[PDB]
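In: Please find the sequence and an experimentally derived structure below.
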Amino acid sequence: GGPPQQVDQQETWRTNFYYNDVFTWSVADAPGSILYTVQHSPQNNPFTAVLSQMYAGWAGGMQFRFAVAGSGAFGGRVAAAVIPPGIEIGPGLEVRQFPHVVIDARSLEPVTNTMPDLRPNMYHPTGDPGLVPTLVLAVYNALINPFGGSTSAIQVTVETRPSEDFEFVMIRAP
Amino acid sequence: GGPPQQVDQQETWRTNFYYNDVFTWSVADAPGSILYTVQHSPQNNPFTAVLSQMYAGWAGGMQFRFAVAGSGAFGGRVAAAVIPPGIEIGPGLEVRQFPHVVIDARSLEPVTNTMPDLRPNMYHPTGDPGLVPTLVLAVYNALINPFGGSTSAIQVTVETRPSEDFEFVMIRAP
Amino acid sequence: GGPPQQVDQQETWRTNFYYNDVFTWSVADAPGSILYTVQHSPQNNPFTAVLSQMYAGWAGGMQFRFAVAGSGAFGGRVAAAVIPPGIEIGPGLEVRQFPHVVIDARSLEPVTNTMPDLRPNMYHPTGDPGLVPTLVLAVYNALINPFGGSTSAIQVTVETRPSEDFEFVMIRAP
Amino acid sequence: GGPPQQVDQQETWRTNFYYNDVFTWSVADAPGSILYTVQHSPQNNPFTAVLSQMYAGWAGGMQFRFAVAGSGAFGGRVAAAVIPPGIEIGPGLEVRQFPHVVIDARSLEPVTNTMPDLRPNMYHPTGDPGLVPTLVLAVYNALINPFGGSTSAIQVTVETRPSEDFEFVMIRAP
Amino acid sequence: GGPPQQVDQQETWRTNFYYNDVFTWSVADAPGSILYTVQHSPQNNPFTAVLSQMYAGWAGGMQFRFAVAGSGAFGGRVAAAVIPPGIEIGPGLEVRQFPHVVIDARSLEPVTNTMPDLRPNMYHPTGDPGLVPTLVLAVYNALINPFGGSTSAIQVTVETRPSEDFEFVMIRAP
């Protein structure tokens, strides 16, 4: 591999969180189900996406932040774990024994989970990255609404940020 | 330009927040809509407004503070970003990839956003300021009321303050 | 004037808050109305009242503390400002551009506002104090109850305390 | 009272003289008469006037400068004294035994008289200032024109400036 | 912008005053009228004019000197202020509250007024300078001739000099 090419962190991007995706959390979800399966790719942050268009190859982790738009009178948690590569993702993947964080439905402050680059190589090529970690937001205790009515489908907004070790390795035609 | 003319910060004004405007947040708002579009002008703080009557020309940023008058059983967030000048403001302006802050509906403490003076020049003339930043309070996750009733139109009060770099440059007839 | 005569602060009184008055906050209040207009007098703390019976003349500020007995599912704020003497108090007194504090309806911790002695003289005589500041608790965003029912008239309890600069000047017949 | 709120003198205003009033000096004036009776108020300098609109209460003196638009072939002087408050102003007020300055009719350079804040209190309220000094420009030796003709009514222009101790004490609605 | 290109002041030009314009002062002028409205341009000093032919772009102020050719038996003053750009120049422009200097009709020594470069940019282009200050010589107390006769139209000669901060930025075809 080559030298790092996104050094000098203080550059707005990689120091601030930007929107990645939004997923809905339902009351009728079974408490072991899987929502928001995402893969370690540079197509999560848009500035990271356009510099991955610029560069050939990337390395380093990505910092994920979850903001829940739910009322204070809600219950149930979400479990977020960084699944190792090589482990099959699907039904029966029990998430709660991985190193995980707990995200409340009535959480005022956003919960941040660091997703490192668990890779056998130095870098992931842009055309074919190879073995990459997977971030899984499995439910930990289902949503409970003690009211009854139309409000049963609150949603969580995922915010993303490159970490301190994220950097591109080789430049190419943008 | 000339020297700064509102040095020695500790002067009550510019160290305390004062009311600027109030806007309403509705349940039926689409979650990408725009509320409270404001422009970087000295006609936001009243003491700043009367010294802009006193002086000719101004420079430096302004500190914005938002206080949400909503119940603890509300959901949904607000996104506040400082839009650069030169960028058109309207429908389709996607705010969530700008450097932004997240304001909860059930936030106990007020959320403060610093709006810097992004200017090509040294100062903005009072008659014609030129290129100025724009503060946009776009919605991030719509309001959800799990009750049903007359309460669907809570409102947010904007408080304003000159920053540490705000200062007037030239004096004129007040 | 004479020397200070309530030095050595650590004396229980002036270091602890004691009850002064209680006022009600209604849902149907207009959001610019005025509740709890109080005047800078020693007849706010009872120990201060009986030493004002003891002494002739007083100086120094008073520390005001507000405890709101409201539910966590309430909205709306209260604005507390120390109005300067010489300024007329009534309808149309816009409070939000004075140096103020914001008190939530669902505030867990009491909000404390320091009310200084803004006086032209050294001391205020007990018989006629002269120009004194006025503490005004104007509403900032009206009360919103998303339930509907009998609960619309929550109340706030004012607690008072002499400040660090409060002291009596001359002794007389108690 | 409160802290000073117009510290850091070097601010153009209070370091430069600005026009206040103009009064005429006639040949036929009796040599003990009184022209230009002014009172110690912030409505003498316009920047001081608009910050007195901004603030509530003021303290400190004001620096007065007189520029006489008279020929070099004129005679007679003007006497400028700062009359203490409590002293009645009218006919019979003999000015020449107060601490005074002498202003010539043919004076090339402007004559500056410092008018201090002779006050019993800490500050003067904006609505009612109380006891204030009075600047009286009494004549010392009447105008003599050795020519004879239409030129007998030369005029003096008063210029004003806040002094080093002038400062506002409390802020209010501008 | 580029580096300064008229450094090393001691070069005769910019250290000595040279003639710019001459204007007449009449007895029948109203005492608020405007004479000699000039604009901040390099076409005021002739050496500055030919190096502005040499160079492309300029910055820095200009030092203005006024020599009045009037008798010692004349009265009335002239007021010279540097009007900020953005302020409209015409009838009703009250000059006496700008930072100004007072020029006597019988002044032996010339009165010098420094006219700084109040600009939003780094430099003024030669083809289009943009926002520039304006020097206005408004009358302060009208001319009075106590004689009566043909002498009522004395004139003032303006002398100009580049200041210490005046310098050109970019060279072009002279």
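Out: All right, it came through fine. Numbers count the residues shown, from 1 in each chain, chains lettered A, B, ... in the order given.

In: thinking residue A:58 is in contact with residue A:123, fair?
Out: Yes - in this structure residue A:58 lies within contact range of residue A:123 using Cβ atoms under 8 Å: 6.3 Å. Where C-beta positions appear, they are placed from N, C-alpha and C, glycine not excepted.

In: Now the common contact residues for those two.
Out: When contacts are counted by Cβ atoms under 8 Å, 6 or more residues apart in numbering or on different chains, residue A:58 and residue A:123 have residue A:169 as shared neighbours.

In: which SSE is the residue nearest the centre of chain A in?
Out: Nearest residue to the geometric centre of chain A (Cα atoms, centre = their mean): residue A:64, 4.6 Å. Assigned by DSSP states H and E, residue A:64 belongs to strand A:62-69.

In: Direction included, what does that strand pair against?
Out: In the sheet, strand A:62-69 lines up against strand A:111-115 (antiparallel), strand A:155-162 (antiparallel) (DSSP bridges).

In: Count the neighbours of residue A:5 for me.
Out: If you count neighbours by other Cβ atoms under 10 Å in any protein chain shown, residue A:5 ends up with 15.

In: Counting neighbours, which bits of the strand holding residue A:64 end up buried?
Out: By neighbour count on 16 or more other Cβ atoms under 10 Å in any protein chain shown, the buried set for strand A:62-69 is A:62-69.

In: okay, the strands paired with strand A:62-69, which one's buried deepest?
Out: With neighbours taken as mean count of other Cβ atoms under 10 Å in any protein chain shown, those reach their highest mean count in strand A:155-162, at a mean of 22.

In: Helix or strand for residue A:48, just tell me which one.
Out: Judged by DSSP H and E, residue A:48 forms part of helix A:46-54.

In: So what's the gap between the strand holding residue A:64 and the chain middle?
Out: Relative to its parent chain, strand A:62-69 has a centroid offset of 7 Å by Cα atoms, centre = their mean, to the nearest Å.

In: do whichever helix or strand comes after it and chain B meet?
Out: Heading C-terminal from strand A:62-69, the first helix or strand you meet, by DSSP H and E, is strand A:75-83. No - using Cβ under 8 Å from any Cβ of the partner chain, strand A:75-83 stays clear of chain B, coming no nearer than 12.3 Å.

In: hmm, strand A:75-83 in reach of chain C?
Out: No - residues of strand A:75-83 contacting chain C under Cβ under 8 Å from any Cβ: none, with a closest distance of 15.3 Å.

In: Output the contacting helices and strands for that strand.
Out: When contacts are defined as 3 or more Cβ pairs under 8 Å, 6 or more residues apart in numbering or on different chains; DSSP states H and E, strand A:75-83 packs onto strand A:62-69, strand A:100-104, strand A:111-115, strand A:134-144.

In: ok, which residues in chain A are in contact with chain B?
Out: Taking Cβ under 8 Å from any Cβ as the contact definition, chain A meets chain B at A:12, A:16, A:18-19, A:22, A:46, A:67, A:69-74, A:108, A:110, A:145, A:147, A:149-151, A:154-155, A:157.

In: follow-up on the earlier one: distance to residue C:165 added to the strands paired with strand A:62-69, as JSON lines?
Out: Formatted as JSON lines, those follow (distance: least, Cβ to Cβ, whole Å):
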{"stretch": "strand A:111-115", "distance to residue C:165": "45"}
{"stretch": "strand A:155-162", "distance to residue C:165": "48"}
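
In: what's the burial count for residue A:9?
Out: Using other Cβ under 10 Å, residue A:9 is surrounded by 13 other residues.

In: Backbone torsions only: list them for it.
Out: Torsion angles at residue A:9 (phi, psi; degrees, to the nearest 10) stand at phi -40, psi -60.

In: Report the contact partners of it.
Out: A:15, A:164.

In: Please repeat the previous calculation with a cut-off of 6 Å.
Out: The neighbourhood of residue A:9, defined by Cβ atoms under 6 Å, 6 or more residues apart in numbering or on different chains, contains no residues.

In: swap in residue A:53?
Out: Contact analysis of residue A:53 by Cβ under 6 Å, 6+ apart lists residue A:174.

In: what's the spacing between the closest residue to residue A:174 other than its chain neighbours and residue A:47?
Out: Leaving aside its sequence neighbours, residue A:174 sits nearest to residue A:54 (Cβ to Cβ, 6 or more residues apart in numbering or on different chains; 4.3 Å). Separation of residue A:54 from residue A:47 (Cβ to Cβ, to the nearest Å) stands at 10 Å.

In: These two - which one has more neighbours?
Out: Neighbour count, other Cβ under 10 Å: between residue A:54 and residue A:47, residue A:47 has more, with 17 against 14.

In: Near the closest residue to that one other than its chain neighbours, how many other residues are there?
Out: Excluding the flanking residues, the one nearest residue A:47 by Cβ to Cβ, 6+ apart is residue A:13, at 4.1 Å. By other Cβ under 10 Å, the residues close to residue A:13 number 18.

In: And residue A:13, how far from chain C?
Out: Per Cβ to the nearest Cβ, to the nearest Å, residue A:13 is found 35 Å from chain C.

In: Next, that residue: phi, psi?
Out: Backbone torsions of residue A:13, given as degrees, to the nearest 10, read phi -60, psi 140.

In: Nearest residue to residue A:74 in space, please, no chain neighbours.
Out: The shortest distance from residue A:74 to any residue other than its chain neighbours is 4.0 Å, reached at residue A:105 (Cβ to Cβ, 6+ apart).

In: Show the buried residues in the residues of chain A next to chain B.
Out: Using 16+ other Cβ under 10 Å, the buried ones in those are A:18-19, A:22, A:46, A:67, A:69-74, A:110, A:145, A:151, A:154-155, A:157.
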